[PDB]
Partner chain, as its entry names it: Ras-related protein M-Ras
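To begin, one chain is listed below as structure tokens, in the form solved without the partner chain.
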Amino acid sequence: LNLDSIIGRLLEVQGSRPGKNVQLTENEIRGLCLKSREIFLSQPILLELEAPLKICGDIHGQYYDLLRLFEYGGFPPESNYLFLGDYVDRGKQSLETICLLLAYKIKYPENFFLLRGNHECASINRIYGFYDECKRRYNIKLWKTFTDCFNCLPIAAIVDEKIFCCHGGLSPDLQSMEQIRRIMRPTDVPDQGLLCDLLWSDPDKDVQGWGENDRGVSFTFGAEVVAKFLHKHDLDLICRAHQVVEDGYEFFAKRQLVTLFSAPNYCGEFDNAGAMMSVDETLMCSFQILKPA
């Protein structure tokens, strides 16, 4: 696997006119999935990461925006990175996006980390773009290969025993971190349960405790739920994504929770900026914003 050649071609369009595709071969992409799958399974499903680190929200196939994020935050291994999922769907270039992230995962397995989003699910990305992009630019068999790889992604991460990171949010079924560790891989995302909630649940200001989610999947949770969770597990901050926010980031429950969204001008239906949380060695969190003109 010539990883340097793959990364080189992916980064080659850095200074070129935006929009152009990077068409890797079927075997190169299949190799990325196979090796990354091995690393995902060798590493814990509940990651224990250390600062300094940069945390990113949804990317959603916006590959040239991802390059801009790296241009701002620093290309690996200059900075450590933790992505919160949703790399495919909605965007026009989900293939380039996931391939670079998988390549970086293989290239820097201890300084680059990728969490599973709700769009890293076969039932979901079948609908919102990734399947069509695979069928158009490659084949259906390759899409299934991506699925097998996505099923091995880690679900959550904890930074310096203080910052809990996941794609969606909390779960009514979550009393101990051990419940997360007990989740066996490879696995699909169920319509109900702990795993489902961690990728689908959302915070809600108008909800006392737990409520039904308007998505028809998982739940919503209020500020009190967040507070009780942090105190129980000796945490200070919940860091998640899953929802588009105008300023790229948005606090919840008196800065006890933050939502990150790193895809600016989200699929041409929003004028939102993208953001990224930089965490230094003293766990001081700063927000680097990628703002469209």
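Residue numbers count along the first chain shown, from 1. The term rigid core refers to the maximal set of C-alpha atoms that superpose within 1.5 Å between the two forms.
A second form of this protein, the form deposited with the partner chain bound, is not displayed here; the remarks below concern that form.
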How about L101 - does it come within 4.5 Å of the partner chain in the deposited bound form, if we only consider non-hydrogen atoms?
no
Would you please decide whether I106 lies within 4.5 angstroms of the partner chain in the deposited bound form, comparing each non-hydrogen atom pair?
no
Is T282 displaced by at least 2 Å at its C-alpha between this form and the one not shown when the rigid core is overlaid?
no
